[PDB]
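Following: one structure in structure tokens, then a few remarks.
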Amino acid sequence: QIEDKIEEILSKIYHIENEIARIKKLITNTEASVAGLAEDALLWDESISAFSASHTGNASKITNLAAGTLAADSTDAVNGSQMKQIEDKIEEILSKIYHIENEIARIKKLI
Amino acid sequence: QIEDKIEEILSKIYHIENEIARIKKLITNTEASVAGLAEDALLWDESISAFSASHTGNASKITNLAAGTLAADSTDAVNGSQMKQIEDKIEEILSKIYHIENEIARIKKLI
Amino acid sequence: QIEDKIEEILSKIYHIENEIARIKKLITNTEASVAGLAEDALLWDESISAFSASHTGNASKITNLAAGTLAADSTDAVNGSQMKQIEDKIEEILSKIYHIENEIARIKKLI
């Protein structure tokens with residue numbers, strides 16, 4: 001029996017070392033995934049009290065951002081499409097103004 | 001003694017397999033948390049060189065965003081509340097312009 | 001031999017318990033890193049169907065954000081620098097308008 005008992009002790013141990021092998025290569029691909037997430041997630045910076053879009057040495061864009069609600073106490077982020085429509089209306093208004101000034105000028109010439 | 005030695009060898013092994021049980025159900029709830037974070041964190045996309053707010057098939061909003069600083073080289077994100085005030089002022093200016101054009105029209109009728 | 005066999009069984013076990021020690025202090029500094037990432041990553045909130053910049057009790061800023069593209073279907077986030085230029089142009093246009101109204105007023109006084 002005891003040489004049997006020893007046999008079953010080695011069976012249970014060689015199983016232990018292969019359950020451990022599975023752990024160790026596995027733990028690694030997780031510590032790897034955590035490292036990846038730290039580098040590429042947009043993270044809070046406590047030294048500035050804000051989330052920081054710094055990545056690959058500098059300020060970075062955020063894209064694939066859907067339009068934010070335009071309302072009085074909205075906390076939605078706003079996108080360039082939204083901004084473009086504002087920019088467009090501004091350029092129209094500058095042109096209009098110009099032309100109003102010309103007309104005022106013409107009137108002041110008739111008087 | 002040797003049947004005692006064998007007893008203490010099995011004591012140390014049945015402890016090993018229950019320290020290992022604790023590891024394996026634990027490692028799982030961590031590989032689970034890492035998977036969750038990958039899916040729901042706002043992450044850098046190297047194919048576009050920007051953080052991407054894509055989620056659940058499409059562009060997504062960002063909300064609970066506090067007002068950004070409006071200054072010359074500000075890198076703060078801006079919110080819809082901010083934008084709304086700009087939109088409001090634009091609508092006022094369009095109305096004013098309209099009305100200026102009417103008045104100019106009336107003057108040109110008196111001459 | 002069997003007291004040798006027992007010796008080599010204890011050698012393989014005291015190795016097992018120190019490979020396990022390495023695991024357990026290691027797993028901890030990972031479950032720690034996952035907890036940190038959950039707290040400080042900007043994460044999707046399924047109850048609102050948007051990424052949420054809430055952190056340390058309230059709405060938060062996002063900074064170090066590079067300028068977004070201003071174009072018709074842009075999904076880029078826009079920054080305060082961008083917004084400031086819009087704000088500036090608005091303030092110019094209000095002043096101009098004022099002054100146009102004065103001039104219109106003066107003309108209406110001459111007639």
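Dividing the convex hull volume of the alpha-carbon atoms in chain A by its residue count gives 230 Å³ per residue. Separation of the stretch B:48-73 and the stretch A:30-81, taken as the distance between their Cα centroids, equals 6 angstrom. Sparsely packed loop sites in the stretch C:24-111 (the GluC sites (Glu not before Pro) outside DSSP H, G, I, E and B with at most 15 other Cβ atoms within 10 Å) comprise C:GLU46. The charge dipole of chain A, taken about the Cα centre with unit charges on the Cβ atoms of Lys, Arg (+1) and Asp, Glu (-1), comes to about 900 debye, rounded to the nearest 20. Over all projection directions, the Cα-based convex hull of the stretch A:1-48 averages an area of 4.9 nm². For A:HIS55, the residues 5 or more places off, or on other chains, whose built amide H falls under 5 Å of its own are A:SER60. Relative to the dominant Cα principal axis of chain B, helix B:2-40 is inclined by about 10°. Couplings 3J(HN,Hα) of the stretch A:67-76, computed from phi: 4, x, 5, 8, 8, 3, 10, 4, 10, 6 Hz, in residue order, whole Hz [Karplus 6.51 cos²θ - 1.76 cosθ + 1.60, θ = phi - 60°; x for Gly and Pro].
Explain nothing, just the number: relative contact order of the stretch B:46-111, from Cα pairs under 8 Å at least 6 residues apart, as a whole percent.
Averaging sequence separation for qualifying contacts and normalising by length gives 15 percent for the stretch B:46-111.
Computed from Cα positions, the angle between helix B:80-110 and the longest principal axis of chain B comes to roughly 10 degrees. What residues from the stretch B:31-50 fall in the zone where the backbone N is under 20 Å from a label point 7 Å along the Cα-to-C-beta line of C:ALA71? From the stretch B:31-50, the list is B:45-50.
If eta is 0.692 mPa s and T is 37 °C, what Stokes-Einstein diffusion coefficient results for the protein assembly as shown, Kirkwood Rh from Cα pairs, in µm²/s? Value of D from the Cα-based Kirkwood radius: 131 µm²/s. A DSSP coil position with no more than 10 other Cβ atoms inside 10 Å describes none of the trypsin sites (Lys or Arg not before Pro) in the stretch C:1-42.
What is the gain in length, in nm to one decimal, between B:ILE48 and B:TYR98 on full extension, counting 0.36 nm per residue of separation less the C-alpha to C-alpha distance? Gain in length upon complete extension: 13.6 nm.
Distant-in-sequence amide contacts of B:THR69, defined by a placed amide H-H separation under 5 Å and a gap of 5 or more residues or a different chain, comprise B:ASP76. As a length-normalised measure over Cα pairs under 8 Å and 6 or more apart, the relative contact order of chain B settles at 9 percent.
We did not get these values from a lab; they are worked out from the coordinates using the rules stated. Methodologically, a virtual Cβ is constructed for each residue, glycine included, from the backbone with ideal geometry; neighbour enumeration extends over all protein chains shown.
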